[PDB]
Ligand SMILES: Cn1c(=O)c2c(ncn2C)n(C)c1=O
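In structure tokens, one chain follows: the form solved without caffeine (CFF).
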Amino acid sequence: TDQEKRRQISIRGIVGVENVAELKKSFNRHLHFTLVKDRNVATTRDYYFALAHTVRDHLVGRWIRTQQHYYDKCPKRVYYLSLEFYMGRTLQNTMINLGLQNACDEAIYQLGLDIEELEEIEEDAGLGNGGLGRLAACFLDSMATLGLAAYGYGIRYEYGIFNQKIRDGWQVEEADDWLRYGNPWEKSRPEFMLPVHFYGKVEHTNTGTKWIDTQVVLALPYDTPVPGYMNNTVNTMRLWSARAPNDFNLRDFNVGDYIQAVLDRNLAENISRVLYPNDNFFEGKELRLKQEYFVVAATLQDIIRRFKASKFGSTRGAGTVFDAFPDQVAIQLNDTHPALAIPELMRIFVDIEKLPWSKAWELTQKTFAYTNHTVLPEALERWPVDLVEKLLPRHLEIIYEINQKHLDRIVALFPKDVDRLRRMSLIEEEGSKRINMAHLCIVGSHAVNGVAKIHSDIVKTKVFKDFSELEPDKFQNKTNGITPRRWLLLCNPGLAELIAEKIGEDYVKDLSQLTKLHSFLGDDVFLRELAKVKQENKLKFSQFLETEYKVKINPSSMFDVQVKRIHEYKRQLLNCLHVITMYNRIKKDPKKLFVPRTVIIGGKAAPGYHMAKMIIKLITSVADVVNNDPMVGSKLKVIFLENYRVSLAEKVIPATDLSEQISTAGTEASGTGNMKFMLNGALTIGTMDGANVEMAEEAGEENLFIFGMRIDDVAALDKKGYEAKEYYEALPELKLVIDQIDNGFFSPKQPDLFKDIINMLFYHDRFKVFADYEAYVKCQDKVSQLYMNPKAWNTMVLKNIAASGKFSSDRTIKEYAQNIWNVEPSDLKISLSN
């Protein structure tokens, strides 16, 4: 059942040939044979899927070769654990990284199709929600580009979080059914489903501790290949889908119990139903825990499986096959969501593999590395021990014994320090016992890191003081990055081509090389092209806006964008204050010079966030007024981008001129979007916090439009009293605006509509909108005047783009690989024809 005849089963011949003739033959086989269609009945969506599958074959051939190489060389594998993967679309990104765009373009042209039309058919993968997930997505691209044997592990959300739609000015959430017509980029593995247990009880027997009487839930993996840039290296993203062990009971169907018959089906599937389910109640709270354990349990079993199966893996040789585990496995804990992976690995090791608790714990710590994204201690994930006790009984035991061994050594260094114990314990004993998941992640990992220089510092010294003191070397910093593939070459082929036409192409895999663009700082002919590229990107986006919004867009306008989640700390209300202000200024009397701007605000509000949704309605109302006002005209146009997401980001970003990063000082750890704009040719107007800080250190604070209170100033005010009533009367323009909002200038049908935004802004604010108002508008006026001089604007732009090179995720990954995972990057190209 083997032989050398079975060597005929290979990709040897069917891999490598990627000319236009073969791409046409493949398109035809997929259109007709895979889709069971023909040119007479085929839809646009069918031609898209035919292109997707054609490209996928090239992708999968390289994935097979990549994985065969990993098995042969048996390197240390990196497993990126994240409850969020903001992947976006896959077609064009795959074509670029595999270098197929040119050929496919010609092929699809010869077939009589419009490739740009096939491309827009694709849905954004409903697998992510924001920056945490997009970081993971950029990391995947980087680890593949850096030749690392890395994996992406998460949950396959059937419906993601939701899609945003704006009807009648307000936000209405829709179910993101991205899978309605299927996903040609994934591949389910029905023959490989892992059991995930829940509830039950512990039974300490003679031959060990047993977790019995449980409810099993199957994890069905879906594999999607992640391609590296031009290196033939394609890695794996494996997402789990919840399924019941027996999705149909025949006995119940014969009795008429049509709900019972498929009862286990629903319960299990709720797990992978949506991303971040409403936790405002036990039911939804318990589901997040189930989702967290689900990813953990299934992922770990898979890792152990592949480990044992590895070349040098398993046996006796091997004394204990797991002695070399941390030398062959590295698991990155993105945030605290997968914190359960620590007790679980311990459960597998001790209960199933029968290894000594002490031996397993040693192995465990060397395996896990924790990443803190949220610097706020009030925002650290906690779980009621009661909830864990019910759902994961054997797991509560392990968290206690882990904690017991943690505290015992603290008194073995602080025998009198009774307060350091309760301050460092995993459990918080109060009128409801909770479990600090960040503490678990810290004690259970060999490394911990923040996402920015000051973020990591606050993490190391402030928040986890009593932890870093015990072991300084554990805490690190890994400043976030962005992939220059999807964020430059893909989204902005114009800029990427201009940059390469001057300094070659080595910048793509070595972004820091962008400093060589300074040798054109004096060149005005280049800056001509540079600004020309931005106008190209602006013409195309203007069309998008006109078609999708039916709003006349001034192409010569500025393009002032602020795209991110709608939240109070993110401000955007402050942006709206300035918008009304510019409107009022125009209303003063025309003729006065006013540099035209296109104020685009985008983002999604949380379902149970009243303030955020009012702010959306507030912006839309302002927009309707200033866009229809005959006086204003092509001077100021306000646009609220509906359903802002990865694909849309790729659209607006290369068309932006002014990046709005105006969050209150002291509320931002990093700023992934900030870096994207910088790289694309936009000037940044933003507070000196989060990402802006390090961007300033690279280009020069002089090159960014820093404004408002610094973190010190805010803490200074959070000691005296922020009475919003003051700035109101003190400031002229502010008064007018605020009044217009409260009197119903922007809401004639319902003047008391924004009544709630007023009361909060004054007597109940928290992020000081008014305190930075005046400071914000003056800063903006400096942007407007700078925008009046092209050379001055572009010279600063080139300064930003030329200093963005360190914000590449390749750099970040090089750091994680070097300082945390102990993995060495590689530039070698996987051979398809070995």
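Whichever C-alpha set is largest while still superposing within 1.5 Å between the two forms counts as the rigid core. Just count from 1 along the sequence shown to find any residue number.
Just so it is clear, the following notes concern the form solved in complex with caffeine (CFF), a form of the same protein that is not shown.
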Q: Please work out, step by step, whether the site is open or blocked: first superpose the C-alphas near the site so caffeine (CFF) is positioned as in the entry with it bound, then count ligand atoms within 2.4 Å of this form's backbone or C-beta atoms (3 or more = blocked).
A: open
Q. Might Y609 be said to contact caffeine (CFF) in the entry with it bound, defining contact as any heavy atom within 4.5 Å?
A. yes
Q) How about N554: is it within 4.5 Å of caffeine (CFF) in the entry with it bound, going by heavy atoms? A) no
Q) So in the entry with it bound, does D279 come within 4.5 Å of caffeine (CFF), heavy atom to heavy atom? A) yes
Q) Can you check whether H567 is within 4.5 Å of caffeine (CFF) in the entry with it bound, heavy atom basis? A) yes
Q. Of 387 to 395, 409 to 417, 456 to 464, 279 to 287, which is the one stretch near caffeine (CFF) in the entry with it bound, taking non-hydrogen atoms within 4.5 angstroms as near?
A. 279 to 287
Q | Residue showing a 2 Å-or-more C-alpha displacement between the shown form and the other one once the rigid core is overlaid, selected from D506, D419, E702, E548 | A | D419
**Q.** Did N278 shift 2 Å or more between the shown form and the other one, C-alpha, core superposed
**A.** yes
Q. Any chance the CA of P377 moves 2 angstroms or more between the shown form and the other one, core superposed?
A. yes
Q | Post core alignment: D213 C-alpha displaced by 2 Å or more between the shown form and the other one | A | no
Q) Are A125 and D279 closer or farther apart at the Cα level in the entry with it bound than shown, by 3 Å or more? A) closer
Q.
Assuming the CA distance changes by 3 angstroms or more, are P338 and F282 closer together or farther apart in the entry with it bound compared with the shown structure?
A. closer
